[PDB]
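Structure, as structure tokens:
Each ligand, and each atom within it, is numbered from 1 in the order the structure gives. Only this structure's heavy atoms are used, side chains among them; waters, hydrogens and symmetry mates stay out. When a residue number appears, it is its place in the shown sequence, counting from 1.
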Amino acid sequence: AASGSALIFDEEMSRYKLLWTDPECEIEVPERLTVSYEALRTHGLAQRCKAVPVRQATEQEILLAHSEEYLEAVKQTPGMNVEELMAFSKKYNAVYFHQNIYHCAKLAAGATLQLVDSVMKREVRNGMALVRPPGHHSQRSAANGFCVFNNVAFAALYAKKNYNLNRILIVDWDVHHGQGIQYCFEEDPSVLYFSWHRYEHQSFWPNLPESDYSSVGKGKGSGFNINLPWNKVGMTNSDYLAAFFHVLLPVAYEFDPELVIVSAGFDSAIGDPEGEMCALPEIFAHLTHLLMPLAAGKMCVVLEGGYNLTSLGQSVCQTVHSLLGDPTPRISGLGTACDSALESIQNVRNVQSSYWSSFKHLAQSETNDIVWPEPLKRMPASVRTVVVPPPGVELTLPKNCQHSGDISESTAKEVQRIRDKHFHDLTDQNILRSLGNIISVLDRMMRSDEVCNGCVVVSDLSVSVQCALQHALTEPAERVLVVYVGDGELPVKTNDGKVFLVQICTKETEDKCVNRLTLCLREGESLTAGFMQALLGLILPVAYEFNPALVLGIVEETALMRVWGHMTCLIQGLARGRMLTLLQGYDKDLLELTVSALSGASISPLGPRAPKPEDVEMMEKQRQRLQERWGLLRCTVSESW
Ligand SMILES: CN(CCCC(=O)NO)CCC(=O)Nc1ccccc1
Ligand SMILES: [K+]
Ligand SMILES: [K+]
Ligand code: NA
Ligand SMILES: [Zn+2]
């Protein structure tokens, strides 16, 4: 399986710039590449990436997306003087030309194609191209918005042609609408385009009616264009994550792309003079992380915009950190999206309800100078994952996993201390072994930056859960998220706000308070889709708002775990990836799947469908019950009294 992350960069693309006065173009500077690469080197990230050389896109490759007349006209700009370059620039909107920009435009596109080849040939797991000029405004016969050729549209058209892909997701999180990409794939159902963008009721550049939520695609492509307009500035981490949980990710996992391409403009970051948004550079660690389970991890990140040199460098680093598998930073202060964002979200969900299963219940009444703190260091763990299989079982482990059954003297004293106080008449040395394992693994996870998560197979659930949870609460971990697949009650108290409990059970149970989420899904062929809808639409929003310091996963032996890998990967967005999983009984496959997802490996796609209406009803009842306490659950504007 593929390993490593490509970083594609060349300083030649910094060798064109604006040569006359134009306030609408001044911000697009060579130093955007310089500062970004240097920030990657400063933090040791470039050195851990596979450097893949740029090349020129050929004429034939350019003609995949652009007309011969437009290519021919651009091909003559290297021979033009400044006067003629200015006159040529004025034929287009918000773009400048330079003797070297045609050369750099072919490098930006070739760099992108190099990135696609590296990922699709399995030479790397994923990667990023740092390119100039950007691409996403470029159109079949026009330069636009600092873009000459459409780098990301090339990438999808090239991957279609040369790898015969049928499903490609393009995520455009630049703060501007990528209308060139939308036009390119408007009628094509094989490419799903998502864009959020500052819109302000069409008063923000490029001022297009078809940038609104109502443009869903055309003809065979209806439903495969998703526009989410931001109609106010100042959008926050909660707005962006609400967009992902309630619009993008439900559609992305249902579409099941074979490749993901990100139009990665960081002018959507705090401090940018174009976007005027408020999301922290750390949010891009999570936008990247939440998309990484798709397409077996095959993600190509392509630089678009981003103009505040500081937020630019920090956001590029958060993205590459996540591409490299480094633990995600904790996002504090999350809550409801603002009213304007909830309006945009509910409007796109409603027009998209004709096309996507996650939204189909909405269609019938029966169914329903700026400054911010510098990002903390993100260092990978020595051993990412420790594993404790039953005594005797030896397993084949990824290179970043270790067994860990060696109980120390201090740990062994705590186990009998705990036994002597809370479990008098317990003699079973198999259970006492597992509690030595839990405490030893937990202490490595929390006290060290060099073990991140772990998995322990256990005999008795009640005793193991108590010591795991209690030893975590005394460490102390301020808050603990518990995710439990099974039935019955556990020694878990949710009456102090330090624990939130997600339970996925078989019998319908009454849910009393707002620190428990109970999901009883109907047994049958549609359990997989229902679980994924619950995970993206309920579990992740609450977990992200809760912001735990540790995640405790628990599976009872009696218990449809072909989604367990996706949850384990996605849930590592919380608690900087610090998750302890307790598997009750030995299941060879479940244990290797758990270890692989905890270790950061890529997981198999889910492939195919639609969930039970009874299940969606149950899930929306949970939303109605919880969203006043946990506002990140909301995907509609609330009613004013
Ligand atoms: C800065 N904008 C491009 C951003 C591209 C980007 O970063 N894409 O990701 C262009 C602003 C502009 O030209 N406004 C305007 C247009 C016509 C007449 C008067 C004013
Ligand atoms: K966008
Ligand atoms: K499309
Ligand atoms: Na102009
Ligand atoms: Zn932009």
Side-chain angles (χ1 to χ4, degrees), residues 18-26 28 65 85-89 91-97 134-138 142-147 150-153 156-157 159-160 165-199 204-206 208 210-213 215-219 221-230 235 239-240 243-244 247-248 251-252 255 257 261-269 272 274-275 277 279 284 287 301-306 344 348 352 355-356:
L18 178 59
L19 295 177
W20 55 85
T21 303
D22 181 2
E24 297 321 311
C25 292
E26 319 180 325
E28 209 291 294
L85 288 163
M86 213 175 324
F88 186 83
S89 284
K91 295 160 49 95
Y92 306 105
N93 187 249
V95 75
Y96 65 87
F97 281 79
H136 68 151
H137 299 309
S138 186
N144 187 268
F146 316 150
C147 308
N150 204 312
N151 300 321
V152 163
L157 290 162
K160 274 174 69 47
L165 300 192
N166 296 306
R167 297 184 310 286
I168 296 169
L169 170 68
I170 301 175
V171 174
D172 184 342
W173 75 43
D174 187 280
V175 86
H176 297 93
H177 180 224
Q179 83 279 34
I181 307 185
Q182 167 171 312
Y183 299 157
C184 189
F185 303 106
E186 217 156 38
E187 303 204 67
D188 189 341
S190 64
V191 177
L192 167 62
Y193 178 64
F194 172 92
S195 174
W196 64 30
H197 33 274
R198 181 177 171 178
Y199 194 47
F204 193 64
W205 190 94
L208 302 175
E210 63 267 34
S211 309
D212 220 338
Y213 54 79
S215 294
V216 303
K218 280 159 182 167
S222 308
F224 301 89
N225 194 87
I226 302 188
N227 281 337
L228 179 58
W230 296 131
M235 295 304 175
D239 301 306
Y240 287 10
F244 262 53
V247 186
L248 173 53
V251 170
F255 181 64
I261 308 170
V262 183
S263 271
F266 301 100
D267 48 14
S268 48
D272 189 281
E274 275 293 304
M277 303 305 175
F284 298 103
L287 304 188
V301 180
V302 183
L303 181 70
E304 299 282 356
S344 293
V348 68
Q352 290 289 342
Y355 309 104
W356 294 99

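Taken to the nearest 0.5 Å, the CZ atom of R198 stands 12.5 Å off from the CG atom of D174.
Protein atoms that are N, O or S and lie under 3.4 Å from the K ion (ligand 2) are these: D172 O, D172 OD1, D174 O, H176 O, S195 OG, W196 O.
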Stepwise side chain to side chain donor-acceptor pair (under 3.5 Å) test for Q182 and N227: CA-CA 9 Å; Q182 167 171 312; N227 281 337; 2.9 Å; yes
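With 3.5 Å as the limit, one finds a donor-acceptor pair spanning the side chains of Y193 and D172.
Shown here are the side-chain contact (heavy atoms from CB on, under 4.5 Å) partners of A143, two or more places apart in sequence or in another chain: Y70, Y92, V95, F97. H136 is linked by a ring pair (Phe, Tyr, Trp, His ring centres under 6.0 Å) to nothing, counting only residues two or more places apart in sequence or in another chain. Every residue two or more places apart in sequence or in another chain that forms a side-chain hydrogen bond (donor to acceptor under 3.5 Å, both in side chains) with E210 is listed here: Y183.
We find that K218 and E186 are joined by a salt bridge, their nearest charged nitrogen and carboxylate oxygen being less than 4.0 Å apart.
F185 contributes O and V191 contributes O; the angle these two atoms make at the K ion (ligand 3) is 140°, rounded to 10°.
The K ion (ligand 3) has no N, O or S atom of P189 under 3.4 Å away, backbone or side chain. Distance check for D188 against the K ion (ligand 3): an N/O/S atom falls below 3.4 Å.
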